[PDB]
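Labels A, B, C, D and E are assigned to the chains in the order they are written; within every chain, residues are numbered from 1.
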Amino acid sequence: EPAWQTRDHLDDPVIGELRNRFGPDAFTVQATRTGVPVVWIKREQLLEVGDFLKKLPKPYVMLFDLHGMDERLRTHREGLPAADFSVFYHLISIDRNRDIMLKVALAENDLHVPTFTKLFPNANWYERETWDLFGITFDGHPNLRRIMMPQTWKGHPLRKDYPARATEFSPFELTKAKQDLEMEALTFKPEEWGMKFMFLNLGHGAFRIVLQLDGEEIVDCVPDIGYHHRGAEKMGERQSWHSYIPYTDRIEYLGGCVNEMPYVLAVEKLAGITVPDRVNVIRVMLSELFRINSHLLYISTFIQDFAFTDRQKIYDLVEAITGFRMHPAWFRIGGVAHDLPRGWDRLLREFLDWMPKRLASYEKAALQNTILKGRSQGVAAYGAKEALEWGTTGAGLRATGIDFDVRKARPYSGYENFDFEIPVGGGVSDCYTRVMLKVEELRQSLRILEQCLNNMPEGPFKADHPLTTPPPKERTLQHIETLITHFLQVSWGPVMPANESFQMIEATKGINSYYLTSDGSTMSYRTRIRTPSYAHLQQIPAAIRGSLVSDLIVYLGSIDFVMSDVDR
Amino acid sequence: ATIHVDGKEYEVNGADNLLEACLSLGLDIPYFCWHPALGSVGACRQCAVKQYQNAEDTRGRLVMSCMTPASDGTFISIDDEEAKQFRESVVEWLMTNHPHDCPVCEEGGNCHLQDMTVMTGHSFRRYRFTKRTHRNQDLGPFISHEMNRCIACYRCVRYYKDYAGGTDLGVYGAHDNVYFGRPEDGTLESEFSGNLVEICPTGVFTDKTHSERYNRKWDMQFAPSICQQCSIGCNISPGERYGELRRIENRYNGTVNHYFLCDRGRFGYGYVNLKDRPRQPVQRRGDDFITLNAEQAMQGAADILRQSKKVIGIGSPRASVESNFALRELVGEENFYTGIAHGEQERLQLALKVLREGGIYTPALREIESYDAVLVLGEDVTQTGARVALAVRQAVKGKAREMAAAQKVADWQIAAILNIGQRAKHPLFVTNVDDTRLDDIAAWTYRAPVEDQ
Amino acid sequence: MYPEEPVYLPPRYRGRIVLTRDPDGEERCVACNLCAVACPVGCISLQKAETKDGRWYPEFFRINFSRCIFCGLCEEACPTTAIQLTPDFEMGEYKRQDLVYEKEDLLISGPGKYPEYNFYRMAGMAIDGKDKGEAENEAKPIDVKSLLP
Amino acid sequence: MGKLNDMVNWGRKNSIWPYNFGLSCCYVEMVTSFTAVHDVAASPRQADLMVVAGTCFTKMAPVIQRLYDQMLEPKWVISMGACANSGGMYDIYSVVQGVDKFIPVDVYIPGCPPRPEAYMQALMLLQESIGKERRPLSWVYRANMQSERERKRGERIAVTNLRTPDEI
Amino acid sequence: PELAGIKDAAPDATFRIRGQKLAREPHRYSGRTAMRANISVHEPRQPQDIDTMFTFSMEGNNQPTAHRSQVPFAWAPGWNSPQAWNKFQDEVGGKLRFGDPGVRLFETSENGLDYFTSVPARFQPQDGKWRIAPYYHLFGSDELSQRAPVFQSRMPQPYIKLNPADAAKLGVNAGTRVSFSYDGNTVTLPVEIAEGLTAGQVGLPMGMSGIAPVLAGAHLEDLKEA
């Protein structure tokens, strides 16, 4: 049975529990290719369903995602409630190792949903962004303001009737914005930002936090984000399925092929493509190389608060394979762009004969440096309860003792074939614990690369599916059917039949996920990108309360976030 | 009627064939030889579905949906594996001799064969032998000929001969060396030969005027417009690129000009691209020609027109209603003159009085095809109103349609209709000062002066 | 060590974009506009012209290199292997207008990374030096007037 | 007098302190530029070169404008990457399409991201531009330099064969 | 008031399909940052269309299931050819979905006209006066079509049509150039013999170079061999 097949998930026990609790007519089950049960809930029963799922015997504990969707232009709404807009809530149970997506339908004039911040505190920023980009009001929300746009912004950019392109530049708006931003330190209003003692602005990426200090103690802090908002999802609606891969690259720019992976896996779910095993091994190999690179940068940055030669070795290897250092744009729908060059195994063998000594040096620089142990342990720590309620994933969640990694819990791209361990922390997410987990993850990625190098499948680098985009180049250059497929795929776009797909992977900073809605066209009807840096940056005001500003700086350096990943 | 496609129940018209019924519902069946206006002949064998005898039937039988009536309680399957394999096989058979030409083919990105090759999911070539080739003909200034790309679907000959009434385009040859074109090099003699660039599902017949300044369909900026070349008002899609009008495509209007233009409308757009057109306001000063912008021209013209004692306006039947009205508002109603002669205006006003005061319904252009007898008085329609001549040809073929409908033959089974109606046709009586292009189908032609007509 | 020691670039490095020529010495671009539409940034603009023999070529071809992200999707789109990304990165300029490379700035005098592929040796359309039936895997055309059954 | 202006421009070109105000991936490439494997070898008030390396968002644009205004003459600007040149691949509502919409730019670098040797090449280009122009000695006519495109045209068009992508 | 139906011919400029305008160009429109790059590397403004409901970009609506009658082009995913019009109709080969564009200005009148009693007399050929019989051409009788350079190779050379009896009376054969004076202008054309033309009439190509359509039915004087 294919893993991309359109399933209904009626055999999920959560569906039966919802039927026994709210009745069979209280909700509508939608058959998707997301791999999760999609349940359309009435708007009034939303908080009741959230309460019921929070109190299950193995409860749904993490709100993985929350975002809106403009359904006014979607033509294939068969088996769906009549909706002008919808809001989807993606909830994850780790005890069940399952997840559910609750969709709430909304009419065009009555665009208001009850707030979800009483159940899941991390819904605050998600509801702010859903208000910002869709105009969906949330009743009961404390400060429902724009999070990606300036407050003096007209319209909601993710609505279908909003112009995607840049408008005409005006120096008058620039001078007005200079007057607005440069008078903020003089005419600050401490009630719009949600606060209620000196006010400071600080000014991984450049971003501003508004701090409220009692002496040097932090009594309140509100981050100001959106300074690096590139409109990647609106571009997802503007590019074809094939010519959007560079945009997937440019989110979490230290990830590269790691960021390409969930997008192409979701598109392959839409296309019904089961890639061959060599494709899986190649994509795993490149994602592990980029994971090692990102972990090296994170460890070197934390130790700073010699290590840039190994990054150059990884960049040379990726340059040899793909042709580019940090934005390879190399994964394709149904495979990868080119085959591995002849001589890649020598470069990988020379890299794996260089890394054990460097890794031992990093362990000596992190373990034996007891000054770093003293200045890192107990610096803005949290337990599993705070990690679940804020959507913290990756190294922080596993440092809280919760053994949840996507590469093992919900395996993808042939990670089952590789023997590697998941490092789990003691139960407290210190800076030191997270750095040690990154070191052990680096060791496990080296083990994965060794298993790739020693056992490499000899086979195709693109699938034998008609929707593999583009087709293999030599058959394009000498076969008319293949030439026709290449012509239509690179120009009009490949046609994905109307469905919804979801792929969640373990990124270099946490859990990254794509949620794609196709309306049967050559572009995406909706592209939703869940990035872990968003949920990690939301957790700062919940952990740095009552601490020093230096503790805030160390915690910011130990979060492992990138600002382009935050503002996506 | 009631049909069951892939286990789902649909209500369709029982007079339709299965292909057009399923295409109306939104179901995708590949097809080449069928066209909505030309009927069904069952040549290309691309529209295959599996028809079951009843609800509890498992074997089924591969039928052509264009040749199969959409009768009540008809069980078919489009997405069955055997039907999909046969349709992919037909695409592959068409691909065995097809040239490696898509980058250098004017139909690329606009090709029905490309779309149906992708739609059937055929992308792997396992044919390894030689491809048959052909030599092209010169078809004149408008239609370019590239016979290598032909899939032998007979749409061109069916349109040009049975529908358009042309006589200089046929199918010649045999088993798989079938050739489509003229018996010799020369210009296609039909006034509706330009519709071959959209009737042909491949790049055999292409728009040569578009080919000289070529761009792909995705690069076009289109708009819905009305053809400005005669009075019929056929809807067109002009597409431009780089500031010049590149192509006139047909724009569907089921009331007026459904699938077809004439060659004047399709190929007489090149006046827009002339380099001697006025592009700025120009005011003469002695022998000089000073170029003004918009506001300077308006102020200077307003000053001189304000000083003049009486300004009159001369409109045109080329200009739109808004422009003639704006001139009439500028100069006044009493100072506005239609810029046509007195006799021309008298004939136009009499025609208007007949149309809107004669108490007789004036049909739309598609509705002309449903009339049982045509009398054409004085109007050489093929040279002045050509789409009406095409509609008149369809109305003349209506007698063969009626005779076949008397014998319980479906209206889309066009070959049987033409077999039953051999040379019988509805009456056509044309009068002109000389021979018209409708004389090949007219029951009588009267060559006489306008007084005698 | 720069510009003292030249930095090694791998052969498939995505740097400066060139247009290449066939082994016969003619430019490979048939002006099919696949690279222009496959560009996610829209920084390729060209126009098909056609010589007397019927050969398609670009009348002009321009790339805005202030806008190009060097993603190589245009080279992946090219059915003639005309457009290629070379291992060259030194493309800095003083004026942003001088980053708009016209056809004479792009068309090198050789085949580049693909030294033998010739699209017009495979295409069915007739050009000079290659009549009907002279492409690869093509039979000579059989006239319908021929005496064979 | 003639040698004095030459020595003044020589002093300006041999001592350039960049304020590398980068915002994205291009800034991280410039962070990798400072390492000993590339050998590339403050405050806006004493810096004389502004290297804009990254996407100029509609919210970051006042910051870039203010930080450029805080600098003092003589001041030079190098745009790095497609984002700073033109907006790059983000022709989107929230991105200013090029940093030269609001501040003048002296040297542009194509790339996404440019490698650090391209930044060293742009430093050489800026040094030549500085050494060719002349400014008043005490209390501005920039030289119209030949474009690198037409200067490098002969050796670029003369290229015939390249290493195939199959090997390494 | 007679032209009051032009209001409903198309909707006004405020018409939107779920808030967005109608697109003039396909979604995969290319070259948007290089089509004017030779003039200036800076992109210009997108042209604002305030007159109509269409937009000068792809930021618009061209869905087949959109409640409109004015369709700029047919395109559906999977259907790039002119067969994409099948998705834009209520049934294939029938009306456009949500109606065809355009409205009739006048309805059929309740009562008709009277019979026109002005019956003309039989045509009589008098000597020295040639009735101009109009011959229209599809390529060459419409003015702007004549201006199109591709019609120059397609339009025929201007031949003046003569009856065999009239040409025999003039002594003129097929091809000899004859001159005739109209409005004090002697113009010469080569003669083509028209059998079906009646005697006393002379055939002229209306709309072509120098021959206006107003000459249809006008008399001709001084038709001699040139």
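Everything below uses one rule, namely that a residue touches a chain if its C-beta (ideal position, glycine included) is under 8 Å from a C-beta of that chain, and two chains touch if they have at least 3 such contacts.
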{"item": "Whole-Å gap between the CA centroids of subunit B and subunit D", "value": "57"}
{"item": "Mean-CA-position distance for subunit C and subunit B (Å)", "value": "36"}
{"item": "Distance between chain centroids, defined by C-alpha means - subunit A, subunit E (Å)", "value": "59"}
{"item": "Where subunit B touches two or more other chains, by residue", "value": "99-103, 108-109, 114-115, 118, 216, 218-219, 242"}
{"item": "Residue list for subunit A, restricted to those that touch at least two other chains", "value": "163-165, 246-247, 320, 323, 327, 338, 341, 478, 483, 487-488, 491-492, 495"}
{"item": "Junction residues of subunit D - those touching two or more other chains", "value": "86-87, 89, 91, 97-98, 112, 115, 165, 167-168"}
{"item": "Chain-level touch network, classified as line, ring, star, complete or other", "value": "other"}
{"item": "Listing of all chain pairs that touch each other, if any do", "value": "A-B, A-C, A-D, A-E, B-C, B-E, C-D, C-E, D-E"}
{"item": "Contact set on subunit C toward subunit E in their complex", "value": "33, 36-37, 39, 41-45, 60, 62-64, 66-67, 96-97, 99-100, 102"}
{"item": "Residues on subunit C engaged by subunit B in the complex (per definition of touch)", "value": "30, 32-34, 36-37, 47-48, 50, 56, 79-80, 119, 122-126, 132-133, 135, 137-144, 149"}
{"item": "Complex interface listing, subunit D residues touching subunit C", "value": "38-39, 82, 85-89, 91, 98, 100, 105-112, 114-115, 117-118, 120-122, 124-125, 129, 145, 147-150, 152-153, 156-165, 167-168"}
{"item": "Parts of subunit B lying in touch with subunit A, wherever the complex brings them together", "value": "91-92, 95, 98-103, 108-109, 113-115, 117-118, 121-125, 216, 218"}
{"item": "Interfacial residue positions of subunit D with respect to subunit A in the complex", "value": "23-25, 28-29, 32, 35, 37, 55, 57-63, 65-66, 87, 89-97, 101-102, 112-113, 115, 165-168"}
